[PDB]
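>>> My sequence and its experimental structure, below.
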Amino acid sequence: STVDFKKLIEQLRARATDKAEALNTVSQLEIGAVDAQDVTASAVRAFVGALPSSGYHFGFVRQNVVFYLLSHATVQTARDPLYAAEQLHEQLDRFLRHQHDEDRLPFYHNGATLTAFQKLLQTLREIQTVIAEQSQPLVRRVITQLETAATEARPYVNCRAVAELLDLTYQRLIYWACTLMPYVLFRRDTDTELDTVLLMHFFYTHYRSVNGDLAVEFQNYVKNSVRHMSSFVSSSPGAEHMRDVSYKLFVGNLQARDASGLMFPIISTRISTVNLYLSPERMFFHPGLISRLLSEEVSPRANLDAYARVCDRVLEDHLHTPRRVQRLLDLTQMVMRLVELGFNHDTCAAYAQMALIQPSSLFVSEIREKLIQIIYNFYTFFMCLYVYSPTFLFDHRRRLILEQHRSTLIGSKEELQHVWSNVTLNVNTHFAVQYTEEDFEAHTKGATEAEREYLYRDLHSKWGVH
């Protein structure tokens with residue numbers, strides 16, 4: 001969809017007599033985009049020369065070509081977008097120096113735009129360096145540095161070049177921070193023997209980068225510390241979801257490949273056994289238990305009050321729309337709160353798929369309804385989180401996920417729309433992404449009516465409604 005910049009320049013000067021057809025030719029660049037690699041110093045000089053001297057926003061593009069090209073240049077189609085943006089800055093810097101020499105729009109001038117762009121690149125390069133080395137604490141300090149850079153780049157946040165870079169860095173920082181879940185931060189002194197087994201297996205399989213010591217901790221703990229293993233082990237519904245952890249417990253090694261054709265006891269999914277040896281707050285670390293509750297394959301005398309109590313606590317603590325705006329540091333805290341309950345992006349997807357399987361007593365049916373609301377609200381949260389950035393790019397992706405209920409679930413359209421009909425989305429989607437009229441009118445001080453029509457048109461093609 002990206003234009004051939006040089007071909008667009010050739011068509012531009014051949015049609016420079018008709019300002020209308022020259023406006024339609026340059027609109028292919030504004031609607032689509034130009035590759036940042038195609039914006040060389042020589043190409044900028046000819047693009048300005050090919051533009052009509054007056055008419056529509058051609059005067060704005062001529063006077064402020066740096067802002068205009070930055071607002072339509074793309075870097076995401078490059079192997080390294082940050083290095084591509086740096087070279088884009090060099091070409092725009094060569095153009096300004098090799099062609100030196102009105103105060104209408106101060107933020108949109110060439111000198112103000114280019115130095116603000118390099119200011120962003122320097123922060124992003126230092127942030128990219130810190131995250132690459134780590135492949136008050138560093139996590140909070142990089143989050144603060146990025147959000148300050150995004151705040152200072154507010155007048156340019158709608159520029160495709162800086163919007164893509166902020167989008168690239170935010171998603172990269174979010175992905176890195178969501179891996180920093182060490183087991184020792186979530187260990188409770190009240191954790192039982194089954195709690196510890198499921199917790200260690202959870203963090204070693206989902207966060208091995210920061211839990212490399214769990215392999216020897218699990219081996220030492222299982223061999224020398226557990227004493228009630230034969231109680232919560234059996235040799236039943238939901239047992240197929242416990243087979244991997246049951247084998248590693250039976251062998252005493254988290255790194256053991258699934259046997260050589262060996263039979264072993266499975267961690268019990270019996271409700272009365274789980275009521276004794278599992279803390280109710282760790283229920284979502286027990287997939288076999290959640291399996292039985294979702295499928296309602298349970299007897300009338302199984303006591304489920306402890307797990308219904310936990311579901312109510314989760315519903316009251318996390319499932320409502322907050323009043324204030326939730327910024328990047330708030331979203332990171334919520335992940336750690338959800339990880340504490342056993343919810344990450346992967347386990348929410350598996351539980352959301354597990355809940356689609358259709359199943360009796362009303363009290364068992366109510367817990368399934370509570371689980372579905374919890375699982376699908378946190379599933380939606382992790383889908384928006386991994387594509388979050390305070391830019392129009394995330395706003396579009398957010399609408400596709402909420403309005404269309406896009407996901408990766410398996411099933412016919414009938415059972416897919418059936419499970420979403422039994423879900424009321426009140427989860428925190430109040431993510432920080434706002435460019436309002438106060439922001440707009442502050443940056444368009446001396447904008448003429450022809451310049452304002454172009455700016456409104458560019459914002460509409462990126463945001464849609466506002």
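Structure's in. What do you need? Residues are numbered from 1 along each chain as shown.
>>> can you count the residues close to residue 100?
For residue 100, the neighbour count with other Cβ atoms under 10 Å is 5. Just so you know, the C-beta spots here come from the backbone N, C-alpha and C atoms, and that holds for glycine as well.
>>> tell me the SS of it?
The three-state assignment at residue 100 reads coil, by DSSP: H, G, I helix; E, B strand; the rest coil.
>>> Likewise for the one 4 residues further on?
Using three-state DSSP as the criterion, the local structure at residue 104 reads coil.
>>> what's the closest non-adjacent residue to it?
Using Cβ to Cβ, 6 or more residues apart in numbering and skipping residues adjacent in sequence, the residue nearest residue 104 is residue 446, 3.1 Å away.
>>> For the one you found, which residues are in contact?
Residues in contact with residue 446 (Cβ atoms under 8 Å, 6 or more residues apart in numbering) are 103-105.
>>> The closest residue to residue 159 other than its chain neighbours and residue 178: what is the separation?
Closest residue to residue 159 apart from its sequence neighbours, by Cβ to Cβ, 6+ apart: residue 71 at 4.1 Å. From residue 71 across to residue 178, the span is 31 Å (Cβ to Cβ, to the nearest Å).
>>> As a check, name the ranges of all helices in the stretch 51-200 of the chain.
58-63, 65-70, 81-97, 110-133, 138-152, 160-177, 183-186, 193-206 (DSSP state H, counting those that start in this stretch).
>>> Let's see the shortest one as CSV, backbone CA atoms only.
In CSV, the C-alpha atoms belonging to helix 183-186 read as follows (Å, rounded to 0.1, in the frame of the first residue of the first chain):
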residue,chain,number,x,y,z
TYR,A,183,8.5,-17.3,42.0
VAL,A,184,9.9,-15.9,45.2
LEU,A,185,7.7,-12.8,44.9
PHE,A,186,4.5,-14.9,44.9
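>>> Any buried residues in it, and which?
For helix 183-186, the neighbour count (16 or more other Cβ atoms under 10 Å) marks 183, 186 as buried.
>>> got it, and the third one?
Judged by neighbour count using 16+ other Cβ under 10 Å, the buried positions of helix 81-97 are 81-82, 84-89, 91-93, 95-96.
>>> what packs against that helix?
helix 41-50, helix 65-70, helix 110-133, helix 160-177 (3 or more Cβ pairs under 8 Å, 6 or more residues apart in numbering; DSSP states H and E).
>>> again with the fifth one
In terms of contact count using 3+ Cβ pairs under 8 Å, 6+ apart, helix 138-152 is assigned the packing partners helix 110-133, helix 160-177, helix 328-340.
>>> what's the most buried one of these?
Of those, the one with the most neighbours on average (mean count of other Cβ atoms under 10 Å) is helix 160-177, at a mean of 22.
>>> quick one: which of the buried residues of helix 81-97 is nearest to residue 436?
Checking those against residue 436 by Cβ to Cβ gives residue 85 as the nearest, at 26.5 Å.
>>> Run through the residues that contact that closest one.
Counting by Cβ under 8 Å, 6+ apart, residue 85 has contacts 36, 75, 117, 121, 161, 165.
>>> hang on, the earlier thing: going through the contacts of residue 446, which ones are buried?
Using 16+ other Cβ under 10 Å, the buried members of these are 104-105.
>>> Can you add distance to residue 274 and give the buried residues of helix 81-97 back as a markdown table?
Output for the buried residues of helix 81-97, formatted as a markdown table (distance: Cβ to Cβ, whole Å):
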| residue | distance to residue 274 |
| --- | --- |
| 81 | 49 |
| 82 | 49 |
| 84 | 54 |
| 85 | 53 |
| 86 | 56 |
| 87 | 59 |
| 88 | 58 |
| 89 | 59 |
| 91 | 64 |
| 92 | 63 |
| 93 | 65 |
| 95 | 68 |
| 96 | 69 |
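>>> can you redo the contacts of residue 85 as JSON lines with distance to residue 9?
Compiled in JSON lines, these are given as follows (distance: Cβ to Cβ, whole Å):
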{"residue": "36", "distance to residue 9": "16"}
{"residue": "75", "distance to residue 9": "20"}
{"residue": "117", "distance to residue 9": "22"}
{"residue": "121", "distance to residue 9": "26"}
{"residue": "161", "distance to residue 9": "19"}
{"residue": "165", "distance to residue 9": "25"}
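>>> on that earlier part again, ok, which of the helices of the stretch 51-200 of the chain comes nearest residue 41?
When these are compared by Cβ to Cβ, helix 81-97 sits nearest residue 41, at 4.0 Å.
>>> Between helix 160-177 and the closest one, find me the angle.
With axes from the mean of the first three to the mean of the last three Cα atoms, to 10 degrees as the basis, helix 81-97 and helix 160-177 are set at 150 degrees to each other.
>>> quick one, helix 81-97 and helix 110-133 angle?
When the same axes, to 10 degrees is applied, the directions of helix 81-97 and helix 110-133 differ by 160 degrees.
>>> now helix 81-97, how far from the chain's geometric center?
Helix 81-97 sits 28 Å away from the centroid of its parent chain (Cα atoms, centre = their mean, to the nearest Å).
>>> cool, and stretch 132-152?
With Cα atoms, centre = their mean, you get 16 Å for stretch 132-152.
>>> Wait, residue 218 touches residue 204, no?
Yes - with contact defined as Cβ atoms under 8 Å, residue 218 and residue 204 form a contacting pair (7.0 Å).
>>> quick one: common contacting residues for these two?
Common neighbours of residue 218 and residue 204 (criterion: Cβ under 8 Å, 6+ apart): residue 254.
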